[PDB]
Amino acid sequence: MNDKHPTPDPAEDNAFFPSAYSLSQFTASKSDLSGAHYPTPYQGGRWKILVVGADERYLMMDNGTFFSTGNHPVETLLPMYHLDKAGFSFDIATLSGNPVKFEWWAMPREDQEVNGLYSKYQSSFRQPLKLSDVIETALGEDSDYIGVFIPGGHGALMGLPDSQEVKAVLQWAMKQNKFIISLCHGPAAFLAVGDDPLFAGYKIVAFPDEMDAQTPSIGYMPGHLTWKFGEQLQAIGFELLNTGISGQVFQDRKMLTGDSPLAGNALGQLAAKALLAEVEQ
């Protein structure tokens, strides 16, 4: 209960879930989902949002252990929940086409609304599209995507940050003036553009590197991260706005970001409002 030892994951050798203590502090049985009420939702039936999810659960730490991570389900589902109520549908993809991997230990088991939304999308999380197919047939000048959503969780730190596929998607979104929506560790994916200065001067919130340096001290992760995505984001032009976390969000043009696992509800409100205002041409 107050145990700070990482919790072995029976599926994978030398792999650990967060400690029982860290779970009692950083997860809850209910979310703070609120204000998802849009009286005049989009009903045009065209515009959709592309979700780029994590296909891996096991992240290699600096001491040889695997953190049993994935996408954070609250960070994933709260924004979707608002966008759903606003009238937008989702297509879900991973790099490999393998199933989206959730941090199930952060899923709020008592939250009827959040569990209802997962039920609606579960077939797509479990059997997602392969991003290469999306890039081949669903983007370009006349795409039906109004935006792209890249949820956080430390799973976002694998593959996405240097995928040439993610690069193509981000280049397309900026070129075609589409929304890019992310939070927490999700913005690590933005690194995929490599040395393309496309994001120079953009302002975002993201999970602070300094906090990643400290959570393993209470067993949240079984080791430390082998690199620092915040510093890398700064190095390609991003201004990181936040030192700590509070669940806040920022909109810089069509780039919408949230700061942490506290930011899902606010990011949903922000995204729904922006996309509703947009759907007007």
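The first residue of the shown sequence is 1; numbering continues from there.
Colleague: Test of understanding: from the entry's C-alpha B-factors, which stretch has the higher mean, 193 to 201 or 157 to 165?
Modeller: Higher of the two, by average CA B-factor, is 193 to 201.
Colleague: Looking at the entry, does 212 to 220 or 51 to 59 show the higher mean C-alpha B-factor?
Modeller: 212 to 220 has the higher mean C-alpha B-factor.
Colleague: Could you check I236, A28, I245, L256 and tell me which one carries the biggest Cα B-factor in the deposited entry?
Modeller: That would be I245, according to the entry.
Colleague: According to the PDB entry, is the CA B factor of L241 in the bottom, middle or top third of its chain, that is, lowest, middle or highest?
Modeller: As the PDB entry reports it, the C-alpha B-factor of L241 lands in the middle third of its chain.
Colleague: C-alpha B factor of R109, ranked within the chain: lowest, middle or highest third?
Modeller: Answer is highest: the recorded C-alpha B-factor places it there.
Colleague: Using only modelled residues of the chain, where does the Cα B factor of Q232 rank: lowest third, middle third or highest third?
Modeller: As the PDB entry reports it, the C-alpha B-factor of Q232 lands in the middle third of its chain.
Colleague: Classify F125 as lowest, middle or highest third according to the C-alpha B-factor given in the PDB entry, relative to its own chain.
Modeller: As the PDB entry reports it, the C-alpha B-factor of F125 lands in the lowest third of its chain.
Colleague: Can you tell me which third, lowest, middle or highest, the CA B-factor of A20 falls into for its chain?
Modeller: Within its chain, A20 is a highest-third residue by C-alpha B-factor, going by the deposited values.
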